[PDB]
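Report on the structure given below.
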Amino acid sequence: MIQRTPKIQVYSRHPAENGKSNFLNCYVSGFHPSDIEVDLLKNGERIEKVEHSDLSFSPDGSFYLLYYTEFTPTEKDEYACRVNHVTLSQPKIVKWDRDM
C-alpha cells in the first residue's frame with residue numbers, strides 16, 4: 001500500500017476566450033489513495049454548487065483532481081479549499097490569494 005498526501009493549490013482563471021467569466025479553482029494533486037473530500041469555501045461556508053471537475057490518474061496511480069466553478073470575487077470575501085484525506089488528521093484549509 002501507498003499513501004501520499006495531496007498537494008493543494010488554489011487559484012483563479014478566466015478562459016482566454018472569455019474575460020467576463022472568472023473561475024475559482026482547487027487543484028488537488030499527487031494523492032494516494034483516491035478517497036477524498038474537497039470543498040470550496042466562501043467566508044468559511046461550503047459552496048454547494050461547484051460545476052466542474054477533471055479527475056485523472058498518472059502512470060504510478062496518483063490522483064489529480066481539478067475542482068472549479070464560476071464566481072464573482074469581491075474584496076471582502078475570503079475563499080478557501082478544504083480537503084479531507086486519510087493522510088490528514090484534521091481538515092486542511094488553503095486560502096485563496098486574490099492575486100492568484
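Easy rule for this one: first residue shown is 1, then count along the chain.
Keep in mind that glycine also has a Cβ here, set from the backbone N, Cα and C atoms.
If you look up Swiss-Prot, you'll see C26-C81 marked as disulfide bond. The Cβ of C81 (disulfide bond) has 23 other Cβ atoms within 10 Å, all protein chains considered.
Around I2 (glycation site), the same-chain residues six or more apart in sequence whose CB sits under 8 Å from its CB are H32, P33, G61, listed in sequence order. Residues annotated as glycation site in Swiss-Prot: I2 (among others).
The glycation site feature in Swiss-Prot is assigned to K20 (among others). DSSP assigns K20 (glycation site) to coil in the three-state reduction, placing it in neither a helix nor a strand.
Among the features that Swiss-Prot reports, glycation site is placed at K42 (among others). DSSP assigns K42 (glycation site) to a strand in the three-state reduction. Residues near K42 (glycation site) in space but far in sequence (CB under 8 A, at least 6 apart, same chain), listed by position: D77, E78, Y79.
All protein chains considered, the CB of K49 (glycation site) has 7 other CB atoms within 10 Å. According to Swiss-Prot, the glycation site annotation covers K49 (among others), on the basis of experimental evidence.
In sequence order, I8, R82, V83, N84, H85 make up the list of same-chain residues 6 or more apart from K92 (glycation site) whose Cβ falls under 8 Å from its Cβ. The glycation site feature in Swiss-Prot is assigned to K92 (among others).
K95 (glycation site) carries a strand DSSP state (E or B). Annotation for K95 (glycation site): spatial neighbours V10, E78, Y79, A80, criterion Cβ-Cβ under 8 Å with sequence separation of six or more. Annotation source Swiss-Prot lists glycation site at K95 (among others), citing experimental evidence.
Reduced to three states, the DSSP call for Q3 (pyrrolidone carboxylic acid) is coil. The annotation pyrrolidone carboxylic acid is assigned in Swiss-Prot to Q3 on the grounds of experimental evidence.
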Among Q3, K20, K49, which are recorded as recorded positions, the nearest neighbour of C26 (disulfide bond) by Cα: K49
